[PDB]
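Here is the structure we will look at, set down as C-alpha cells.
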Amino acid sequence: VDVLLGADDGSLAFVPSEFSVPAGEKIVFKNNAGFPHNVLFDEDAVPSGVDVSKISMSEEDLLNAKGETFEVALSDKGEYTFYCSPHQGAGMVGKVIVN
Ligand SMILES: [Cu+]
C-alpha cells in the first residue's frame, strides 16, 4: 500500500491517514508535497512487543523531494500510530491496523 506524505494541496497529512493492511504487506510512504516530512512510529501506540526503532526513520532524516520513499512491512497484528516529526504538532499522524 502507498501512503503519501503531504497532500497535493499542501495539507500536512498522511494520505491515507488510517488504513488496514495484512501482516507483512509492504507499506510504501511516498514523499509527495510540502516537505520536509518523515515517518516514525509512536512507541506508546503500537502493539506490545513492537520495537518502533526498527520501523521508523531516524528522526533527523527528512525527505525533502517528491518521490523519495520510506518502506516498511509490519508483521505484528494490532494498531500502530505513525507520525511525521516536523509536523506531529500540526496533526500529521496516522494509524495503520495490521491484520
Ligand atoms: Cu510532515
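We name chains A, B, ... following the order of the C-alpha cells; residues begin at 1 in each chain, and ligands are numbered from 1 as shown.
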Can you tell me which residues sit at most 7 Å away from ligand 1, counting only C-alpha atoms and all ligand atoms, written as a PyMOL selection string? chain A and resi 5-6+12-13+35-38+84-87+92
Any chance you can output those residues with N, CA and C atoms as a PDB file, in the first residue's frame?
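Listed below is the output, part-v8.pdb:
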ATOM      1  N   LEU A   5       3.032  11.386   1.650  1.00  0.00           N
ATOM      2  CA  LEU A   5       3.455  12.367   2.682  1.00  0.00           C
ATOM      3  C   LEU A   5       3.185  13.770   2.169  1.00  0.00           C
ATOM      4  N   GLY A   6       2.094  14.312   2.684  1.00  0.00           N
ATOM      5  CA  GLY A   6       1.632  15.662   2.242  1.00  0.00           C
ATOM      6  C   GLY A   6       0.642  15.486   1.150  1.00  0.00           C
ATOM      7  N   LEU A  12      -0.734  19.122   5.566  1.00  0.00           N
ATOM      8  CA  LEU A  12       0.164  18.274   6.333  1.00  0.00           C
ATOM      9  C   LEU A  12      -0.553  17.050   6.776  1.00  0.00           C
ATOM     10  N   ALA A  13      -0.609  16.053   5.937  1.00  0.00           N
ATOM     11  CA  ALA A  13      -1.342  14.878   6.291  1.00  0.00           C
ATOM     12  C   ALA A  13      -0.661  13.690   5.664  1.00  0.00           C
ATOM     13  N   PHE A  35       7.027  19.063   1.863  1.00  0.00           N
ATOM     14  CA  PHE A  35       8.029  18.507   2.693  1.00  0.00           C
ATOM     15  C   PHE A  35       8.789  19.678   3.281  1.00  0.00           C
ATOM     16  N   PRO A  36       9.584  19.444   4.314  1.00  0.00           N
ATOM     17  CA  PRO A  36      10.122  18.099   4.645  1.00  0.00           C
ATOM     18  C   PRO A  36       9.110  17.288   5.436  1.00  0.00           C
ATOM     19  N   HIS A  37       9.177  15.992   5.208  1.00  0.00           N
ATOM     20  CA  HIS A  37       8.393  15.052   6.008  1.00  0.00           C
ATOM     21  C   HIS A  37       9.298  13.924   6.396  1.00  0.00           C
ATOM     22  N   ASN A  38       8.913  13.239   7.473  1.00  0.00           N
ATOM     23  CA  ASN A  38       9.464  11.877   7.624  1.00  0.00           C
ATOM     24  C   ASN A  38       8.410  10.982   8.296  1.00  0.00           C
ATOM     25  N   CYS A  84       4.793  12.223  11.493  1.00  0.00           N
ATOM     26  CA  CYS A  84       5.907  12.962  10.891  1.00  0.00           C
ATOM     27  C   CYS A  84       6.498  13.860  11.953  1.00  0.00           C
ATOM     28  N   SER A  85       7.816  13.824  12.057  1.00  0.00           N
ATOM     29  CA  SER A  85       8.452  14.581  13.142  1.00  0.00           C
ATOM     30  C   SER A  85       8.262  16.094  13.000  1.00  0.00           C
ATOM     31  N   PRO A  86       8.490  16.655  11.822  1.00  0.00           N
ATOM     32  CA  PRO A  86       8.261  18.113  11.712  1.00  0.00           C
ATOM     33  C   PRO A  86       6.831  18.508  11.977  1.00  0.00           C
ATOM     34  N   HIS A  87       5.911  17.652  11.629  1.00  0.00           N
ATOM     35  CA  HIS A  87       4.522  18.029  11.606  1.00  0.00           C
ATOM     36  C   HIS A  87       3.627  17.337  12.592  1.00  0.00           C
ATOM     37  N   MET A  92      -0.175  15.849  11.768  1.00  0.00           N
ATOM     38  CA  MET A  92       0.276  14.885  10.745  1.00  0.00           C
ATOM     39  C   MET A  92       0.650  13.572  11.443  1.00  0.00           C
TER      40      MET A  92
END
Please list as a PyMOL selection string every residue within 12 Å of residue A:78, counting only C-alpha atoms and excluding residues in the same chain fewer than 3 positions away. chain A and resi 19-23+45-50+74-75+81+95-99
Just the strand (DSSP E or B) stuff from stretch 14-97 of chain A, please, per backbone DSSP, written as a ChimeraX atom specification. /A:14-15,18-21,26-31,37,40-41,63,69-73,78-83,93-97
Restricting it to N, CA, C and O atoms, dump the selection as a compact mmCIF listing (two decimals), in the first residue's frame.
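What landed in result_20.txt:
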# COMPACT_ATOMS: atom_id res chain seq x y z
N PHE A 14 -0.74 12.54 6.32
CA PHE A 14 -0.57 11.29 5.59
C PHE A 14 -1.81 10.95 4.79
O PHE A 14 -2.93 11.17 5.30
N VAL A 15 -1.61 10.34 3.60
CA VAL A 15 -2.78 10.10 2.73
C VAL A 15 -2.65 8.66 2.20
O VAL A 15 -1.85 8.43 1.33
N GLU A 18 -5.55 6.70 7.91
CA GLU A 18 -5.83 5.49 8.66
C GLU A 18 -6.14 4.43 7.65
O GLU A 18 -6.85 4.67 6.70
N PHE A 19 -5.61 3.22 7.85
CA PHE A 19 -5.88 2.17 6.86
C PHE A 19 -5.50 0.84 7.53
O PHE A 19 -4.84 0.81 8.57
N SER A 20 -5.95 -0.23 6.93
CA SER A 20 -5.62 -1.58 7.39
C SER A 20 -4.82 -2.33 6.32
O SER A 20 -5.05 -2.16 5.15
N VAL A 21 -3.93 -3.23 6.72
CA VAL A 21 -3.05 -3.98 5.82
C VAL A 21 -2.88 -5.39 6.47
O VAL A 21 -2.87 -5.48 7.68
N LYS A 26 4.05 -4.77 2.42
CA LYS A 26 4.98 -3.63 2.43
C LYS A 26 4.17 -2.32 2.35
O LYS A 26 3.34 -2.17 1.48
N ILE A 27 4.43 -1.40 3.28
CA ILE A 27 3.79 -0.04 3.22
C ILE A 27 4.90 0.89 2.68
O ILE A 27 6.01 0.94 3.18
N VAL A 28 4.55 1.58 1.63
CA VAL A 28 5.48 2.48 0.98
C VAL A 28 5.00 3.89 1.24
O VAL A 28 4.03 4.33 0.64
N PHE A 29 5.69 4.56 2.17
CA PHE A 29 5.44 6.01 2.35
C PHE A 29 6.15 6.80 1.32
O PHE A 29 7.37 6.64 1.13
N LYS A 30 5.41 7.59 0.56
CA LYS A 30 5.96 8.20 -0.59
C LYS A 30 5.85 9.67 -0.37
O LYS A 30 4.77 10.17 -0.09
N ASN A 31 7.00 10.35 -0.45
CA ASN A 31 7.02 11.81 -0.28
C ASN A 31 6.32 12.51 -1.42
O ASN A 31 6.62 12.25 -2.62
N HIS A 37 9.18 15.99 5.21
CA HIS A 37 8.39 15.05 6.01
C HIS A 37 9.30 13.92 6.40
O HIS A 37 10.28 13.57 5.67
N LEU A 40 7.82 8.23 11.52
CA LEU A 40 8.20 7.44 12.67
C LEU A 40 6.97 6.77 13.29
O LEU A 40 5.85 7.23 13.12
N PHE A 41 7.19 5.71 14.06
CA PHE A 41 6.11 5.09 14.80
C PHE A 41 6.17 5.43 16.25
O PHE A 41 7.25 5.60 16.81
N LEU A 63 12.68 13.70 4.37
CA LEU A 63 12.50 13.53 2.94
C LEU A 63 12.19 14.89 2.41
O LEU A 63 11.17 15.50 2.73
N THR A 69 11.02 7.53 -0.92
CA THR A 69 10.14 6.66 -0.16
C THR A 69 10.78 6.21 1.14
O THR A 69 12.03 6.19 1.26
N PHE A 70 9.93 5.75 2.05
CA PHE A 70 10.37 5.04 3.22
C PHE A 70 9.45 3.83 3.23
O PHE A 70 8.24 3.94 3.14
N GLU A 71 10.06 2.62 3.27
CA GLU A 71 9.26 1.38 3.09
C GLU A 71 9.38 0.49 4.28
O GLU A 71 10.46 0.37 4.86
N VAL A 72 8.25 -0.05 4.77
CA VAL A 72 8.26 -0.94 5.90
C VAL A 72 7.15 -1.98 5.77
O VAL A 72 6.06 -1.68 5.31
N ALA A 73 7.42 -3.14 6.31
CA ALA A 73 6.44 -4.24 6.43
C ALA A 73 6.24 -4.60 7.85
O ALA A 73 7.21 -4.82 8.61
N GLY A 78 -2.17 -5.60 15.09
CA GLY A 78 -2.74 -4.62 16.01
C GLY A 78 -2.65 -3.22 15.38
O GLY A 78 -2.31 -3.13 14.18
N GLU A 79 -2.81 -2.23 16.24
CA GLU A 79 -2.83 -0.84 15.83
C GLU A 79 -1.46 -0.17 15.97
O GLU A 79 -0.81 -0.33 16.99
N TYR A 80 -1.07 0.59 14.98
CA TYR A 80 0.17 1.35 15.03
C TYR A 80 -0.08 2.82 14.67
O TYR A 80 -0.70 3.10 13.62
N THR A 81 0.42 3.70 15.50
CA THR A 81 0.37 5.13 15.20
C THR A 81 1.72 5.58 14.62
O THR A 81 2.78 5.35 15.24
N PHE A 82 1.66 6.22 13.47
CA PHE A 82 2.85 6.78 12.90
C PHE A 82 2.68 8.31 12.83
O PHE A 82 1.56 8.83 12.95
N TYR A 83 3.81 9.01 12.71
CA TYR A 83 3.79 10.44 12.69
C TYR A 83 4.97 10.99 11.93
O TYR A 83 5.97 10.29 11.67
N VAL A 93 -0.40 12.77 11.66
CA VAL A 93 -0.25 11.49 12.29
C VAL A 93 -1.24 10.54 11.66
O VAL A 93 -2.17 10.95 10.97
N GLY A 94 -0.97 9.28 11.85
CA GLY A 94 -1.93 8.34 11.25
C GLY A 94 -1.86 7.01 11.97
O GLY A 94 -1.09 6.84 12.86
N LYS A 95 -2.76 6.15 11.58
CA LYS A 95 -2.96 4.86 12.25
C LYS A 95 -3.13 3.73 11.23
O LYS A 95 -3.92 3.82 10.30
N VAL A 96 -2.30 2.69 11.35
CA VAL A 96 -2.45 1.50 10.49
C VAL A 96 -2.82 0.34 11.41
O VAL A 96 -2.25 0.14 12.52
N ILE A 97 -3.80 -0.39 10.91
CA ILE A 97 -4.28 -1.62 11.55
C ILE A 97 -3.76 -2.80 10.77
O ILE A 97 -4.10 -3.01 9.60
Those of stretch 17-94 of chain A in DSSP helix (DSSP H, G or I), formatted as an MDAnalysis selection string: chainID A and resid 52:54 88:90
Save the residues we just selected, N, CA and C atoms, as a PDB file, in the first residue's frame?
ATOM      1  N   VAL A  52       9.692   0.254  17.878  1.00  0.00           N
ATOM      2  CA  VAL A  52       9.492   1.251  16.819  1.00  0.00           C
ATOM      3  C   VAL A  52      10.750   1.699  16.147  1.00  0.00           C
ATOM      4  N   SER A  53      11.894   1.511  16.818  1.00  0.00           N
ATOM      5  CA  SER A  53      13.157   1.901  16.114  1.00  0.00           C
ATOM      6  C   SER A  53      13.442   1.102  14.842  1.00  0.00           C
ATOM      7  N   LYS A  54      12.917  -0.123  14.719  1.00  0.00           N
ATOM      8  CA  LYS A  54      13.156  -0.945  13.526  1.00  0.00           C
ATOM      9  C   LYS A  54      12.278  -0.575  12.385  1.00  0.00           C
ATOM     10  N   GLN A  88       4.198  16.607  13.517  1.00  0.00           N
ATOM     11  CA  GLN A  88       3.417  15.881  14.526  1.00  0.00           C
ATOM     12  C   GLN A  88       2.520  16.845  15.314  1.00  0.00           C
ATOM     13  N   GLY A  89       3.060  18.027  15.627  1.00  0.00           N
ATOM     14  CA  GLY A  89       2.265  19.016  16.388  1.00  0.00           C
ATOM     15  C   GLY A  89       1.236  19.725  15.574  1.00  0.00           C
ATOM     16  N   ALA A  90       1.204  19.484  14.273  1.00  0.00           N
ATOM     17  CA  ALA A  90       0.228  20.029  13.364  1.00  0.00           C
ATOM     18  C   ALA A  90      -0.775  18.981  12.933  1.00  0.00           C
TER      19      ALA A  90
END
A:1, A:62, A:55, A:7: which is nearest residue A:33, counting only C-alpha atoms?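 Of all the options, A:7 lies closest to residue A:33.
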